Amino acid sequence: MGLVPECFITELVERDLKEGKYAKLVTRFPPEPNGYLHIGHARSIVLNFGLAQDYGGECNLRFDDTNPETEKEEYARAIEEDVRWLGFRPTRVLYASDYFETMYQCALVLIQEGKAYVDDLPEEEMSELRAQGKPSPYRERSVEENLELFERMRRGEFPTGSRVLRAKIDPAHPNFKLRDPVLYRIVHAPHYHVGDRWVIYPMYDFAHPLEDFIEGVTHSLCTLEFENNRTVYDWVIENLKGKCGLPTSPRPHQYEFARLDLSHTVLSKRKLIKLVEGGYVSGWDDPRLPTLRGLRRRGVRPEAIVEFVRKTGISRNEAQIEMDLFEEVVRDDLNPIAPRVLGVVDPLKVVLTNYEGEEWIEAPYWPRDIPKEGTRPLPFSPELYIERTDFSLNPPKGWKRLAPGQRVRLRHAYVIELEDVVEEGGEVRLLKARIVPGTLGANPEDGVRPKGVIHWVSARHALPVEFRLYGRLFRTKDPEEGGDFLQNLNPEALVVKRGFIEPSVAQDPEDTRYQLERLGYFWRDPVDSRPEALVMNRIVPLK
């Protein structure tokens, strides 16, 4: 019933809602349109948009776009597309750059109130002074000179980086971040949304609260990196309430949840850019990646992603999440909705000496535990392919599959036993085998049942598939902090096998998610699969 599970945040909202602190609840999701979103961002998406719906409130999608150098509209697009794919419906699609004129008016007021000033000092010198707790020489400049200099910065008289505007708070403040933090910088560079209008851009610490305030956000939800940043957030709110058309009340407040860190995966933009550019991975939608794009392409359903996020909870509890966990939620999400078909990944041929012609078998798509009914014609014939790995000349103790004195059950059809093994070049190339005569939907006459069941497909009927077998992207549980990050890659992240799958798949809609028995879950890769050249990704293996 509650999309977001119980925690400090639900409680806090519920309290303030009931006590009339705010009329409606207003969250935002605010990413930077300068990259693609990943599984970590999903936590912020489910949280922020989830509360809006859980409590009959609003949630804005807003591109926090104050860094013109890197930011592109295609990232804005991609962001909106992944947000909706997760199933969420932003109340508004907003861009912080539409706020600039208001933010600039706000800076004027700061300066008229003697609350900001222009700093001519170079960057290196400014941080030595901050480190020393000393004031800029320029700090006690006048309202008049500051407005003229700020205007001269607006005009783009000064080059990129050369002057900045800073609030006047306390140069010796114990919170280092309150030492006259920077409000405005100079970048002679055009913005993807608003163009060549501005040469002065605000810093995060100043624009973010103001975007919040402007939108009447009630609960601005951020991850825990903004711990010491909270004090400046309040400072901007408090010195500007009821100014330049801002409300005097109510006002937004920050609250902090733990960012997701998932085992076996890196989420930092730096490292991700590394992997794409250096061709370690094929592209931003690569199913090896934890981008939302890549998880989509992989076959993961948005419902598993939401559920994953929901399942794991919202807290201050920055404990790393095990990939085991994620994999199990995918498996669980696909269990009742993935019809079971049969395909072969490492094909090995088996010829049946005591069988001729064809015959077609009603086979169930759903196992006993799944309430769905559904059936399909499964072709059988004297030539099949089985997994190479379901055959031993030298089987171990447990061996439940096919061997030189061990019968086996072909799933949904006959028991066969081995008769001859043709070898060529040391390794095995074709099985010669026999059906045990009355074993279609029945045991052998002699009572010695087959120890196990293996999957198979008719070599006379089956479709070629390119299988893209995905694993975790790293071997080590902790790649994101571990030292050599590229030395921890899993060489098995992608194996590509050429294989076979039963012909029925051809009569299914392209977006079907299948369970290949004893193999894992699978679906047509949305980019490269074609009906005449099938390509299927393994979404996840079995438990």
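A residue's number is simply how far along the shown sequence it sits, counting from 1.
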Looking only at C-alpha temperature factors in the entry, 245-253 or 286-294, the higher average sits in 245-253
Of 494-502 vs 481-489, the stretch with the larger average CA B-factor in the entry is 481-489
Highest CA B factor of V276, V109, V341, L463, as deposited, is found at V276
The residue of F63, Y514, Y36, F474 with the maximal C-alpha B-factor according to the PDB record is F474
In terms of its chain's C-alpha B-factors, the third that includes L534 is the lowest
The third of the chain into which the C-alpha temperature factor of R434 falls is the highest
Quick tally, chain-level thirds of C-alpha B-factors: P336 sits in the middle
Chain-relative C-alpha B factor for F226 (record values, thirds): the highest
Temperature factor at the Cα of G50, chain-ranked in thirds, falls in the middle
